[PDB]
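Below, each chain spelled out in residue letters.
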Amino acid sequence: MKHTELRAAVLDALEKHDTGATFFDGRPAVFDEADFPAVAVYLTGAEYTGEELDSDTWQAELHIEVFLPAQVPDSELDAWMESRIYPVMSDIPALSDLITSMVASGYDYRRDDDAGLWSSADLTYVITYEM
Amino acid sequence: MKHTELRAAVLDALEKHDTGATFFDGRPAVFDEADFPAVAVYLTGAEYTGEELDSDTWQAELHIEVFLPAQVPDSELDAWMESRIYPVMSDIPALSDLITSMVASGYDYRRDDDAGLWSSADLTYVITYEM
Amino acid sequence: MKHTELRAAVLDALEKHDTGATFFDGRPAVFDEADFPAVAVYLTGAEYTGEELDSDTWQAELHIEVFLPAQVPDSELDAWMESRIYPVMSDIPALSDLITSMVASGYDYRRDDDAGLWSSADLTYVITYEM
Amino acid sequence: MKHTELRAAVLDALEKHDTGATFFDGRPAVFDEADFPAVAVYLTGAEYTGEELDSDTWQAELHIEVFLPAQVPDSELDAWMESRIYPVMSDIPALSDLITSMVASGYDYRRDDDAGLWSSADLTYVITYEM
Amino acid sequence: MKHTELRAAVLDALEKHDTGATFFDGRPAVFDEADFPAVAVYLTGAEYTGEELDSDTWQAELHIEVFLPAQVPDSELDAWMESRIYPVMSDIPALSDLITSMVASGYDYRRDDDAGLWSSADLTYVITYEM
Amino acid sequence: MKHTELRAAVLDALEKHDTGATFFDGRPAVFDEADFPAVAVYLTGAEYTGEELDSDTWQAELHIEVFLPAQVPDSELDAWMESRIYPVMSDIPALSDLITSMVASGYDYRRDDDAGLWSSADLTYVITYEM
Amino acid sequence: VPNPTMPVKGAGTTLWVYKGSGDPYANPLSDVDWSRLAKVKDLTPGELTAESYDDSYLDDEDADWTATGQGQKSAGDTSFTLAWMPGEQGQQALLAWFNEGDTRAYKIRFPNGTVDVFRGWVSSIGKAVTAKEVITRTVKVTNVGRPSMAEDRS
Amino acid sequence: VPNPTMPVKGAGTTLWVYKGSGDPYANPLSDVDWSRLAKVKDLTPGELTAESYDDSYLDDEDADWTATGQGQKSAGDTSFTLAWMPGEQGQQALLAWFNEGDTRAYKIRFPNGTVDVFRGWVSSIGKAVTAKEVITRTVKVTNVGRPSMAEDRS
Amino acid sequence: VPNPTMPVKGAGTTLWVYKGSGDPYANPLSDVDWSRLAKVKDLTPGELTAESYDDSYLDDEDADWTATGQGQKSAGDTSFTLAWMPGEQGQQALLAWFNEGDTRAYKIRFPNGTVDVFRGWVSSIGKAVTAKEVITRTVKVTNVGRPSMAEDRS
Amino acid sequence: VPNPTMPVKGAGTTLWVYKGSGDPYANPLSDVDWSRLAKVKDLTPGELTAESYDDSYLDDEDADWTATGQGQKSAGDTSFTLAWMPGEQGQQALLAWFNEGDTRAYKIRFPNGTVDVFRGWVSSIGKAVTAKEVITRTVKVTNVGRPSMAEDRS
Amino acid sequence: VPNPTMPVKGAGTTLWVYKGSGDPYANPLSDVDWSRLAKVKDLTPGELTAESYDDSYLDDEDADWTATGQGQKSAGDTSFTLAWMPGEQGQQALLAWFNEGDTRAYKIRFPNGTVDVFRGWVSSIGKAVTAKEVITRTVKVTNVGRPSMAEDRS
Amino acid sequence: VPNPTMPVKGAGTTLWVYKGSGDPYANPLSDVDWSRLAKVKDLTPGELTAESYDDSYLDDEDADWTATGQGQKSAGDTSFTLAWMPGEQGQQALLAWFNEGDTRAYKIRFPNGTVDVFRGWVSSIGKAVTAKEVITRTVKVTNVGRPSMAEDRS
């Protein structure tokens, strides 16, 4: 439905496990070296599917991106991505009310070489809901 | 048919709901921080589809773009698109005369990182009319 | 056939209606803010169709493009394309002798933001003739 | 066969008609304002076709490019391209010995806006020969 | 599965043979000229294959890339790729437990001309595993 | 199999004919005006074909590039590319042992306009071998 | 606002199945005593057709050009696919319809404001399973008898 | 200006159905007493055809090459699709044409200025529903008798 | 949490073969005495169907529209492909099932929580070999008798 | 300059129809008394063919390999499409050729300098209408008898 | 290390033909007295199949659902293509196999470590010539009798 | 240097037609008394095949698996296309071959160094015309009798 409650539900289900990280809701997110392990959740690229005759259907991509300091070892990002985010994301009771279909998509690593201040890695999902 | 009529018909029924926002008709739009919540409507990419033998047919894309100050949370932008603009744009009695078919297309977000002065988000439609 | 004759025919049929605008024949067109409307006609992208066995056939695109000052409202350009350039080009007796088939293509707008001195809009046609 | 005699044949058959312009054989061509017409001829983009089992076949594109001063009217370039180059290139007795198949392709105009010293227009052909 | 184990297995099976080269695990690899023979192993571009109904399947690309100083003869680089790296990676007992299928992909060379300090060559593999 | 063997086998039979040219084996090649007509041979873009069930198959592209001073006439390059290189490269008795299939691909010309110090022209082949 | 005298956009079509007692053609605009099928993913209504009757004798003056007349008309087959919901009333009703062979009435309600009514029995029930897609149920219905078109009522 | 000699473009073709009493072939250029269909989205006129007749005996000297002569000609089947407008009189007329067996006359008027006339009965009537498109009505007509081509008049 | 009312995705579907003694339809939710086939790469369950029975006597008043009733239903053919693992007991069981003629019960367990049970004999056993791909075993099963659907239980 | 002993490209091919009295094969290089069809958009000349004749008696020593000889040759069917020009005399002639059954001679003149002559009757006359394209007339001719090939003359 | 209980890749499969005296099924793991074919460019093993046999009487109480049992099984046809080499002994052996009618035994050895054995006669032999490709030889073999599958041995 | 053992590349294949007196199989390596076809654009040699002979008796113990033996072999059909050259000797010879039924001999010479010989009669002669392409002649030959493969000679 409205994007607000979807991000609220995913952040609620993601906060319960202890991570000690600052979570940002929505696209704008400004921080510095202090609160580095931040996790941001946002929706992007909404489209009109036009799948079913009965009612409206939409597709949107759900992003979960984590930021780690530059020159952090690769294996550390591996663990943050798989061990923490993947198990919680598979089953969330609050999501199933709103989302008709949720499909995984691959995660990817991006580092910064212009200045070497950040290195992130975002897990991507495909969401099919009704608006 | 006459693009002026179509934009006028959209804006008339987009204005009746209380929004308190400056509305720009047509592509040229210049403003500053004061009159900032600004909604501009324009038609772009007209094309001769030639779908029917009986008479001329064209396709054009209808745009409704809203500008909000930079660093506004994503939640506010979601609201304009999903609460204010989508319900009004679904059924307009004035458009029913001029438009043979009007199909939704997904909206999208964009922010300005060059200088951080504006953040906009436009809802896109596909319009099929007769000329 | 000879592109000179085709452009001459279009400009002759386009000048009879009062427009009060300078007309440029061919791509090279230099002007300043005085003689501004400056409707220019040119042919581009000629190509060998090879459609019929009997005789040669070619395809080229016919352009009619009008220049207007920047920051001029969108609706006024709409007027030139809908109420002036388009009705005259539908039926021109002189063309029918030279052109075997003339098909419309969508007009499009463009504005100059590097310096803001001009804002044009061209109407594209597809011409199939014999050489 | 060898590219040298092919360009030699084209230039020989192209020189007989009076044109009063310098002709450049091969890709390198350096000229100033005085030698303005230019008329360079070169071959480019050779490939292995492998169409027939019997013997080798190749494809290459034959270019005839003419240089005229910037701001020369468009219609003049037309008159030049069609009237002078096309009739001579249609039938040449010397070519038929070497070239198994010669196919036309559209000519195109390009102007220089970086400095405004030249404007050219090349007619392109497709050549199928045996090496 | 856990990318840590897969990279650890590859590096273990790759270190046993004498190479006398520094081995880097993961993307962050910072080194000066003293430790020049340098071999880095990393995984990139994971995706959700969705091949089988029973359980999850993913696809990721495995990279083995060696760094050698610029202006080293190409012949020497050929040797590392075809004598040292290929035989060891064909059969490794440790991988067969974790990876369902491994497929080779072509290695490729690249040299640095902006500064001329390094010249690498990576060997690409495609990995299909279960997460 | 071993790229060193293939390049050596090409260069040995490319050297017996008198050319009086410096021959570079492998990608790295540095020279100046004195030793100018220089022919370099290298293999690029190797890839796993996976064509036959019985054993491995790979495709690599064989390059023979010749460098000549800028502003050299085009016709001279034709001669280097056809008369000297194409006949010798057709049948190398020592080559047939290593290569299962060798297919020609077209050559092409390129000149340096940044500084005018070199003009090259490379012949490309497609090699299929076993590794 | 629905208008039968204007082109309509296909979105919003819903499908209904008659359950109960009465005459299906009596009031197609009625919505009482009509079950409903939920979120059909596709719907292709049947194509009415007829076969040619040869009209030829040996006494005719000219036989250069063939002459035929309309024969036996027949309603087509209606096929739709919809999301698999094994626990819902409507799909259990569909399987009851298939297993115990009966000829019932189904109805299509366009957004245009007209209503289309057919009668037939179901001929095929299928399912489609994919690794990353919704399990779907595919149905084919073979119409019987005379249909009641949308523009029979004015 | 329409010119029969020069080629024309397909745009602008209109479709008509004859209603009334008289001879349809008498004045095909007439526009009175001719209903019109609106917004045809496609129109493929049927192709004329004939079947071969074997012309061979036993007494013939040469039998290496086959010899056949024209047999029985027949007009084709004309099919067009048009926007579904159940409220219009023309489409109610089409369904009246299909429901009761009849052979009426229909006419095609090209922009070229010539007129093509056919006679036949309708054979198929279908629809096409899509979530993002106009509901369309597909019609197929089987011709009978001898058509009056556009080039019979000069 | 499985929910029959709401739609689900096909991921997680598992297939089972009944071995032992008893009635397969008694407890389809049972998982004891049921062998399992591992690593299935595709699964297309069989499509139910029926024939048309002509119901037309010459005594009837009207014969303009055809009238047919349902004939003889039949379960379809179920086909699946799975990775070639000759060492496993399940695939040896499959080939034992094929070589000697027999009809058994196989079962499909969706993530939705419902269970689908069929009965049939195997009709084809194929294999696919590729240079850069896993060898796969392709199986096709022809159902026999009456199936027990997923929503026959509520 | 046309030269038979060299490849040529098909651009410039022209088609002719013989009208008048005489023998079409007498002087195929003639252009007097030969109507011409203008603006042909495609041309696929007919393909010659033959049937197999079984040559096998039970008395033969060996029957491992089949043995067949040439049967009855037959010229193919020639089809071309050309722009719809109802005003020209050539297309009125074509429709006169079709409506009134007859077999005539048509000819193909390649740029190579050789001439190909056939004889046959017309079997199909079609038309193609499109929103943004020229109306085209499609014709198909069924050859009859023995053709006169291009290189029968030297 | 080969593992029959884990999936493998198709790469490395080799094809063999039995020549000599003995029983091919006795020791399929043997490599002595087995000719080999070199560089098979593609290999699709035959698909085992069986035909249905109707099991229905008049006295049966239930006739709603069809009932069929397995009929006559049959091994499929195996087709492979390989590089054309007129000099090797294996391909001369193949053409000897084709020219004189015979049913020999051929075997497939997967990298997995299991061995598949078939018996049959060859049915087709073809080539494929291309301007820039290796000349290939295409073979098709029709199997007879009962194959000895890969997992009959454990 | 040609080598039968090693793989060959398809380029360089030439085709020849026997004219004169003698035995075509006596010396396929001969190049005297052999006409040549110049610059063929494609060449697909025929595909040898055979049909199954059923070997079944009611006295046999087991009928679970089918058993068949090789039947009647037959050479295939050879099809090639080549540039249209009406003035040349070879193509006039081809048309003489087609018009006057005969079963001559044709030969294919691979760059590998082996020679393939066939015998048959021509079944089809076709032509292809395009706006910007070389006019081509397409030929189909139906082989007769027992062919002479390249691997008979060693």
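Residues numbered from 1 in each chain as written, not as in the entry; some residues may be left out. Chains lettered and ligands numbered in written order. Part of a larger assembly, values for the part shown. Heavy atoms only, no water.

- Going by the header, the method for this PDB entry is cryo-EM, and the resolution given is 3.5 Å.

- Taking the PDB entry as the reference, chain G is identified by name as Tail tube protein belonging to Escherichia phage Lambda.
- What the PDB record gives as the title of this entry is "Structure of the bacteriophage lambda neck".
- Its UniProt record gives chain G a comment under Subunit, which states: "Multimerizes into a structure formed by 32 hexameric rings stacked on phage baseplate gpM and gpL. Does not multimerize in solution without the tail initiation complex. Soluble major tail protein interacts with tail assembly protein GT during tail assembly." (UniProt positions renumbered as here; feature names shortened; annotations may be inferred.)

- Taking the PDB entry as the reference, chain A is identified by name as Tail tube terminator protein belonging to Escherichia phage Lambda.
- On record in UniProt, under Sequence similarities, the comment for chain A is "Belongs to the lambda-like tail terminator protein family."

### A closer look at the pattern of salt bridges
Alright, step 1. Per the stated rule, a full pass over the model turns up 52 salt bridges over all chains.
Alright, step 2. Across the pair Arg146 of chain I and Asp152 of chain I runs a salt bridge, and its minimum N-O distance is 4.0 Å.
Alright, step 3. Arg146 of chain I gets classed as partly exposed once you look at its relative accessible area, which sits at 39%.
Alright, step 4. A residue is classified by how much of its surface remains accessible, and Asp152 of chain I, at 42% relative accessible area, is partly exposed.
Alright, step 5. With a shortest N-O distance of 3.9 Å, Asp102 of chain J and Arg104 of chain J are connected by a salt bridge. (Salt bridge = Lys/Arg side-chain N within 4 Å of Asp/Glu carboxyl O. Buried < 20%, exposed > 50% of the residue type's maximum accessible area, 1.4 Å probe, protein only.)

### Brief notes about the relation of the copies chain B and chain A
Alright, step 1. Aligned on chain A, chain B shows an RMSD of 0.2 Å; the corresponding rotation is 60° and the shift along the axis is 0.1 Å. What the rotation and shift describe, once combined, is the action of a six-fold rotation axis. Minimal C-alpha separation from the rotation axis in chain B is found for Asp114 of chain B, amounting to 16 Å. (Least-squares fit on C-alpha atoms.)

### Some points on a negative patch on the surface
All names here are of chain L.
Alright, step 1. Among the surface-exposed residues, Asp54, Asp55, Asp59, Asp60, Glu61, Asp62 and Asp64 lie close enough to one another that they form a single negatively charged patch.
Alright, step 2. For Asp54, the location among the structural elements is in strand β5 (residues 52-54).
Alright, step 3. On the accessibility criterion, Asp54 (55% relative accessible area) is exposed. (Patch = residues over 30% accessible without salt bridge, like charges linked within 9 Å, V, L, I, M, F, W, Y side chains within 5 Å. Areas by Shrake-Rupley, 256 points an atom, 1.4 Å probe, with all protein chains shown as cover. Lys, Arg positive; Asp, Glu negative; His and termini not counted. Charge placed at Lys NZ, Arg CZ, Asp CG, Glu CD. Helix = DSSP H or I, 4+ residues; strand = E, 2+ residues; numbered from the N terminus.)

### Focus: the packing of aromatic side chains
Alright, step 1. Taken as a whole and assessed by the stated rule, the structure comprises 71 aromatic pairs over all chains.
Alright, step 2. Ring geometry for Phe31 of chain E and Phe36 of chain E: centres 6.3 Å apart, planes at 70°, overall edge-to-face.
Alright, step 3. Measuring from centroid to centroid gives 5.9 Å for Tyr107 of chain E and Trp58 of chain F, while their planes differ by 40°, and the two rings are tilted. Here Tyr107 of chain E is found in strand β4 (residues 99-111), whereas its partner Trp58 of chain F is found in strand β3 (residues 58-68) on a different chain. Just as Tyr107 of chain E is buried, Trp58 of chain F falls in that class too.
Alright, step 4. Over the ring of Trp80 of chain B we find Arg84 of chain B, and its NZ or CZ is 5.1 Å from the ring centre. (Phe/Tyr/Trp six-rings, centres within 6.5 Å; stacked < 30°, edge-to-face > 60°. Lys NZ or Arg CZ within 6 Å of the ring centre and 35° of its normal.)

### Overview of the interface of chain I and chain K
Alright, step 1. In this assembly, 37 residues from chain I lie in contact with 35 residues from chain K.
Alright, step 2. In total, about 3,100 Å² of surface goes out of reach between chain I and chain K, with carbon and sulfur atoms giving 60% of it.
Alright, step 3. Between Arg137 of chain I and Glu151 of chain K there is a salt bridge, and its shortest N-O distance comes to 3.0 Å.
Alright, step 4. Where chain I packs against chain K, one counts 14 residue pairs in polar contact. (Contact = heavy atoms within 4.5 Å. Buried area = accessible area lost by both parts, 1.4 Å probe. Polar contact = N/O pair within 3.5 Å; in protein donor to acceptor, adjacent residues only side chain to side chain.)

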